[PDB]
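Asker: sequence first, structure after; it's an experimental one.
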Amino acid sequence: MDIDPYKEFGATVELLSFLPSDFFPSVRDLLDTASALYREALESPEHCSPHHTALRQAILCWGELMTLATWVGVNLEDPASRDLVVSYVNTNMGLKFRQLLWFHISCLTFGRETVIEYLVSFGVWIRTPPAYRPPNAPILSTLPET
Amino acid sequence: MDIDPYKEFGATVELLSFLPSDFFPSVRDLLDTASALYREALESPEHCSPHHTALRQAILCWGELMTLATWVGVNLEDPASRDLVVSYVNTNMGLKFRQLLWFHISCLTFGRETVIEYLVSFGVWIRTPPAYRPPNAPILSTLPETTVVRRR
Amino acid sequence: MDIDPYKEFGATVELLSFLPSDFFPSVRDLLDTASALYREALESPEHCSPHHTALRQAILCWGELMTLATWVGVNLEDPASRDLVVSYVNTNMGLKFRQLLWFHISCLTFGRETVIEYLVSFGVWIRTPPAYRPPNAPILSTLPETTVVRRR
Amino acid sequence: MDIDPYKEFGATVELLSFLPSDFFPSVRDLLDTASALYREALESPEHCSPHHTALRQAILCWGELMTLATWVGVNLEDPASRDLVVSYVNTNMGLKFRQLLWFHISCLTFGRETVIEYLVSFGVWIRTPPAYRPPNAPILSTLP
Amino acid sequence: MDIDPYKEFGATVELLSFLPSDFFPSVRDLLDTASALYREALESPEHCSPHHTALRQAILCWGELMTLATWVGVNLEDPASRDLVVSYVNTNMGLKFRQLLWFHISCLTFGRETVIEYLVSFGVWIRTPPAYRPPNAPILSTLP
Amino acid sequence: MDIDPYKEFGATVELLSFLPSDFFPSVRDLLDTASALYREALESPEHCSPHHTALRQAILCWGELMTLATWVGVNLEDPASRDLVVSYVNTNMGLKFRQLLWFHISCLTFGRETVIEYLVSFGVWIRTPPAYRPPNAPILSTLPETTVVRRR
């Protein structure tokens, strides 16, 4: 079955690929951000939003993957195999999780539509040659202008 | 951060613990049932209900796990380490996926409250000692077992 | 082309694939039943329903296959080839034809919405492991108590 | 069981017997035409018409027969019987499939009336003796 | 990117594949016809129709390719590669240009419906076996 | 024939010929942008606008040119001829294609009347000699202050 994790929200894996891989923060900062801002709501027994349920599923899966990594670290008897698998897991699933968490945390903080607008603007600016674009990179902010 | 995947639906992992680990069907049967009943909803561009969102997330994760399994299948030379990894992944994640799929599929077809009522009935019947259990264990169905329809 | 024969009727190959091979009667029983109940309607030049058209095509196809079986049985000098061909044809196409005939006859007798529900019930009951399965399957029948008394 | 596939559609085998067996095109051209013009409908979840229903069953049946042709090609070791079976299946059932496909494709494209009057007429042209038969055989066309 | 040039106009490559490659006229006859009938419109400052837009781009592209054919003819010294390049450019891209020009010129002259029914029908005449194919192949005409 | 591709849109080759070669992004950027913003509209079977039709023709033309580049790269035995042909094709047609794609994408994003004014402004500023030219060119941008705050 062909399922896209962003289609229910209107976003596409073709819109997220548009930004460069090095843009997204590390998992440690995104998990800390989530713990700081939304821990209580996530543990709430109500369906606050579809964003909360997606975050809940993604966090539990990452936990299970980390448990698997630790079990491979105790069980697996040779250094090359354990090293190879720890690298593979960390890099590929970390990048995927990083994109998904950044998208949902930004949608909750700034509004999904506003976040998508910011994404498009930033992608467009990274294509424009530097002599012919505004000098400061676009950033999301929540301070008032006054 | 401590999250329970059932708690937003008003069940608990402890309530499901009443079911024995070998109760749940195989992964292939659950995926076949989902393919038969719900493909068009799951693909559709609407958040029809929280159950569809949860199913969507679970399926993608299982898919990525299978991809990793196949990648380990190519990459590692030593058979024993890859065999250990594959057996671990299949057994441990398979059982968890099996439970979550059974729960969300049953809640969609029968109704979440109806599924909770079954769980309770199954638990009550399994506590009874074997010398006194009636042989008709509870099962979820929509029909009288002896349904007769007389057509004109 | 890829086609699902059931999709036009709102069922799927997946949903029917849970029925075991012991469930279907013999081809001789199904042809007897189809004739005894519907010969005149089938021979009518009217589009009575899509079920009638599907039954018509299938019957003629099986007739042609039986003609092929009689031809191979005459022409080939080697009994091993004859036996291999006849056994393959009878077992595989007879089982496929048996499933399709049972589906259309049941839809005509009971009605589709009813057949969908009964099929779903069977699929749910059969996936239950035998240690927990109640001993008697769901039955679909036109005689509820097999005692026939003067109608009203 | 007195089962004529054209009878529910208002023709008969006997009427269709006016066309010689050499007339009908190859199975490949018919399948190509069907794939080009009706692929979407023949795979959609509706009975658009009974012509749509009959075509689906026929296609699936040819599929099963071709699958059997593949099984025979592998599992019999005597080449002579294997060839005899393949040649018989292709020639005899392919002729019937070609007739049925041509009839339903033509009925969908031109309409029953257009096709059937055409049968009755091509027939009239073929009964004419060679010395008076015009070289332009009748042909179906939508151009006014 | 799933880009079929006929799809926005209600045909497909697959339908257009009924015509053999020998059928389409030479590029010179098509360009002569376009110059004789639409030179004024194809050079006026309006989008009279999307057929007018598609034709302009195609003509400019053929122009650039022919300019490249002139540059290759001068700047490569090995004659064998120079000839191979010229022959490849002319044969392969000229076939595609001929198909596209024929389609748009015909759609402008006779109208989409007239052209397309014609495709569906010429196709029907070609699938007929040689022993029964009438010698008069279908042809587009405006005469009543 | 002689044709101006811009004349149907109310611009001319002359007006655009003032833009320098350093102004246009790479072809890889423009194809990425065109896909990311308009793939579904382009694949729609509807005449959304003449801009869509022009973009469609150009994309297919560039695809065919790239096919030619791969063919020449295989078939020719002499690397000098290959390099001369590939470099010519890439530089001249890539620059032409880059200009046309930038024009149509900008017209779709900003709107034509706006693009005309901006082009005229650039042409006026660029013809000024550098000793008197103010140091920063006119900019056309969708983000005025590159600080993005919750919309109204």
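Answerer: Perfect, thanks for sending it. Numbering: from 1, shown residues only, chains lettered A, B, ... in the order given.
Asker: which parts of chain A sit against chain F?
Answerer: For chain A, the contact set with chain F under CB under 8 Å from any CB of the partner chain comprises A:14-15, A:18, A:110-111, A:113-114, A:117-118, A:120-121, A:123-125, A:127-129, A:131-134, A:136-145. Bear in mind the C-beta positions are built from the backbone N, C-alpha and C, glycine included.
Asker: inside helices: which ones of those residues?
Answerer: A:14-15, A:110, A:113-114, A:117-118, A:120-121, A:123-125, A:127 (DSSP state H).
Asker: might you report the residue contacts of residue A:3?
Answerer: B:42, B:43, B:56, B:59, B:60 (CB atoms under 8 Å, 6 or more residues apart in numbering or on different chains).
Asker: longest helix in chain A, by residue count?
Answerer: helix A:50-75.
Asker: does chain B sit close to that helix?
Answerer: Yes - for helix A:50-75, a contact with chain B is found by CB under 8 Å from any CB, at A:50, A:52-54, A:56-61, A:64, A:68, A:71-72, A:75.
Asker: closest approach to chain C from chain A, which residue is it?
Answerer: The minimum distance from chain A to chain C, using CB to the nearest CB, falls at residue A:1 (12.2 Å).
Asker: so what does the longest helix of chain A touch, helix or strand wise?
Answerer: helix A:27-43, helix A:79-88, helix A:94-110, helix B:50-75, helix B:79-88 (3 or more CB pairs under 8 Å, 6 or more residues apart in numbering or on different chains; DSSP states H and E).
Asker: what comes up buried for it?
Answerer: The neighbour-count check on helix A:50-75 (16 or more other CB atoms under 10 Å in any protein chain shown) flags A:50-62, A:65, A:68, A:72 as buried.
Asker: quick check: closest non-adjacent residue to the residue lying farthest from the centre of chain A.
Answerer: Computed with CA atoms, centre = their mean, the residue of chain A farthest from its C-alpha average is residue A:77, at 33.1 Å. Closest residue in space to residue A:77, ignoring its immediate chain neighbours: residue B:81 at 7.2 Å, by CB to CB, 6 or more residues apart in numbering or on different chains.
Asker: find the closest residue to chain D in chain A.
Answerer: residue A:2 (17.0 Å).
Asker: list phi and psi for that residue.
Answerer: Note on residue A:2: backbone dihedrals following degrees, to the nearest 10 are phi -90, psi 110.
Asker: wait, isn't residue A:98 in contact with residue A:29?
Answerer: No - using CB atoms under 8 Å as the test, residue A:98 is too far from residue A:29 to be in contact (9.6 Å).
Asker: so these two - more neighbours on which side?
Answerer: The residue with more neighbours, out of residue A:98 and residue A:29, is residue A:98; 18 against 13, by other CB atoms under 10 Å in any protein chain shown.
Asker: that one: what's it in contact with?
Answerer: A:24, A:25, A:26, A:27, A:30.
Asker: in CSV, list the residues you listed along with neighbour count.
Answerer: Listed next are those as CSV, based on neighbours: other CB atoms under 10 Å in any protein chain shown:
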residue, neighbour count
A:24, 20
A:25, 13
A:26, 10
A:27, 16
A:30, 18
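Asker: farthest-separated two in the buried residues of helix A:50-75?
Answerer: Pairwise distances across these peak at 33.2 Å for A:50 and A:72 (criterion: CB to CB).
Asker: returning to what we had before: put the buried members of the residues of chain A next to chain F into a PyMOL selection.
Answerer: In PyMOL, this line selects whichever of the residues of chain A next to chain F come out buried by 16+ other CB under 10 Å:
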select buried, chain A and resi 15+18+110+114+117+118+120+121+123+124+125+128+132+133+138+140
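Asker: give me the residue from chain A nearest chain B.
Answerer: Closest point on chain A to chain B, by CB to the nearest CB, is residue A:57, at 3.9 Å.
Asker: pretty sure residue A:25 sits against residue A:102.
Answerer: Yes - if you go by CB under 8 Å, residue A:25 and residue A:102 touch, sitting 6.7 Å apart.
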